[PDB]
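The form deposited in one PDB entry is given below as one chain in structure tokens.
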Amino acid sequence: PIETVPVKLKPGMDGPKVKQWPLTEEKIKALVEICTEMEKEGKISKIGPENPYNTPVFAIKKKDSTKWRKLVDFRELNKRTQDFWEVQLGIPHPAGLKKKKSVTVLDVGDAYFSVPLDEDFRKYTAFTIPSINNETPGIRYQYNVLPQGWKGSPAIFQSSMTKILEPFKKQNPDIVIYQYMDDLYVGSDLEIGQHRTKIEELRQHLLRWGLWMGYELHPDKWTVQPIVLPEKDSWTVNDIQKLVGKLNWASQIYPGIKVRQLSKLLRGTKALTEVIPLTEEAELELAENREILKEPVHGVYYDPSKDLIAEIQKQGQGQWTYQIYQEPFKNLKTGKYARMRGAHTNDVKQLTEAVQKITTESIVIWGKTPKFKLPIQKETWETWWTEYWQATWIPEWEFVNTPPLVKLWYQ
């Protein structure tokens, strides 16, 4: 008996028509049990081929989670409904969430099943369940309620969400609560003990309205990866050549970098292993360039109207560096990940883990998910990335093939 919020696509843009990719046996069995249960609860309903729209579907298991979780790749549908959840029913991003000592994430996706969906918009939430060896044709469904993983679900439920959080925000005014996709980010400067206690208070405060796990974060301990020059006492031709190439590349970000006096040391056709003493004018150019790398880049600030872009570099030995930016060489944040799951054995698991960590930080700091430039072949990524995904959202990505230049971001 709830009124439906009317939702439309962006003008001059048809619904999503993305094919379903093959799924493993453990994923198909989990999707059939969930969909049959969801159809029994009226959350979804079967459809036919007269609906020309479709969205891929697969299943995941979150970190240390035994229960399967249905996930829909609504990235194409979210691109075609962008004006709804930004212009009309936007969610403000709290700039203090990134400053909390501890931030916990809660999957509130089960609450969206309580609100019905607009009848005219249900045609676009269509999805197909595949069968092993194509035993049976596609078993198609469509959503009758607010689907999990659709950017229009938290916007419609936002009014209902604020009224549920109002008694808790009043008792705890210093706690910051942000809602992105099917997740709820709760941050507080309390001690780690009383923090988890307040989380359980919010869990029971949400259970009494019809809604369970938790994933902790610590944004105050997030570090950046600056550009560092080696501290050698004896320099060879090969050392200074790599140093000049690194400084020449870094000059695109810090315009004050000079390589005039340094590249003068490499003027004779010398052997690479030959030791070269640094001139007086070169020792000053190096120390000054070290000081410019300590300074912050001039004119770098976040623009809410621009999309975020994240580049990742494979440094080997389980090392992975990354940079977030909106305009080239105007990096909003840099960093490096090390010793993640699958280190020294599985590159795809490490890359999947890195993308999840980066996207999570992008939500806490700016409330956006970046578009990734992944250092991997398209066929390699699209084969294994679903095997290691542990998040309810999916960022956009493209595939790059940039051979290593002068190892800029890692010594």
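Numbering starts at 1 and runs along the sequence shown. By rigid core we mean the largest C-alpha set that fits within 1.5 Å across both forms.
Omission of residue 212 is seen in a third or more of the other entries compared for this protein where the adjacent residues are built.
The stretch of deposited sequence separating residue 211 from residue 212 contains 10 or more residues lacking coordinates in this entry.
Once the C-alpha B-factors are averaged per stretch, 70 to 78 and 156 to 164 rank with 156 to 164 first.
Comparing 369 to 377 with 44 to 52, the stretch with the higher mean C-alpha B-factor in the PDB entry is 44 to 52. Each of 15, 403, 395, 22 has a CA temperature factor in the record; the biggest one is found at 15.
When the C-alpha B-factors of 314, 341, 306, 170 are read from the PDB record, the largest value belongs to 170.
In the PDB entry, residue 319 places in the lowest third of its chain by CA B-factor. Among all modelled residues in this chain, the alpha-carbon of residue 268 has a temperature factor (C-alpha) in the highest third.
In this PDB entry, the Cα temperature factor of residue 107 sits in the middle third of its chain's modelled residues. Sort the chain's modelled residues by C-alpha temperature factor and residue 239 lands in the lowest third, per the entry. When the modelled residues of the chain are ordered by C-alpha B-factor, residue 328 sits in the lowest third.
Here the subject shifts to the form deposited in another entry, a form of this protein not shown in this document.
Comparing the two forms between this form and the one not shown on the rigid core, the single residue of 197, 162, 88, 317 with a CA shift of 2 Å or greater is 88.
Superposition on the rigid core between this form and the one not shown places the CA atom of residue 376 less than 2 Å from its counterpart. After superposition on the rigid core, the Cα atom of residue 367 is displaced by less than 2 Å between this form and the one not shown. Residue 343 shows a C-alpha shift of 2 Å or greater between this form and the one not shown [criterion: core-superposed Cα displacement of 2 Å]. Panel note: the distance between the CA atoms of residue 362 and residue 86 is larger in the other entry than in this form, the difference being 3 Å or more. One change in the other entry concerns residue 169 and residue 86, whose Cα atoms lie at least 3 Å closer than in this form.
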